[PDB]
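Trainee:
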Ligand SMILES: Cc1cc(C(C)(C)C)c(O)c(C(C)(C)C)c1
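Numbering (our numbering), first residue to last: 3 to 135.
1) Going by C-alpha distance, which of 92, 99, 37 is nearest residue 111?
2) Give me whichever residues DSSP pairs with residue 34 in a beta bridge.
3) Should residue 101 be listed as close to ligand 1, given that the test is whether its C-beta is under 7 Å from any heavy atom?
4) So residue 63 packs on residue 56, CB below 8 Å; how close in whole Å?
5) Exposed or buried, residue 103, counting other C-beta atoms within 10 Å across all chains shown (16 or more means buried)?
6) Quick check: the Cα distance between residue 28 and residue 87, rounded to an integer number of angstroms?
7) Under the rule that 16 or more other beta-carbon atoms within 10 Å means buried, what is residue 135, buried or exposed?
8) Using DSSP's beta-bridge definition, name the partner residues of residue 75.
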């Protein structure tokens, strides 16, 4: 089910990340560093617990969760949100809610690449990752 997402992924393309960050109210100086950062995402499992790590020269984050069970999350931009990750049509869908707002982080595998689509408001960012050996 989740197994083809597991591993180490490196950012190879990004579209509209600044628009997504702006929509969330991230400050200009943080957007500016983040626009030049190429993070590594690591996805691991131990039983039914998934861990997702995002490593970079700027910010590092790590979450652990069970699919389909809500968890509290503090995001890289310091939002305190209620999160849930599920599997929907073969995609890993991460929904964050806070203050009546929502954002989705959808991960799909196409041609061996991991495509992350981030939506908040009208902003839609697409980030492409390639799997490390
Ligand atoms: C500012 C900022 C915001 C985010 C999200 C909003 C995607 C959570 C982020 O992922 C990053 C790194 C890519 C650097 C981890 C920086």
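Even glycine gets a Cβ: it sits at the ideal position worked out from N, Cα and C.
Mentor: Based on what the coordinates show:
1) The option with the nearest alpha carbon to residue 111 is 92.
2) For residue 34, which the question treats as bridged, DSSP gives no partner whatsoever.
3) no
4) 5 Å
5) When all chains shown are included, residue 103 counts as exposed.
6) Between the alpha carbons of residue 28 and residue 87 lies a distance of about 23 Å.
7) So residue 135 counts as exposed.
8) BP columns for residue 75 point to 83.
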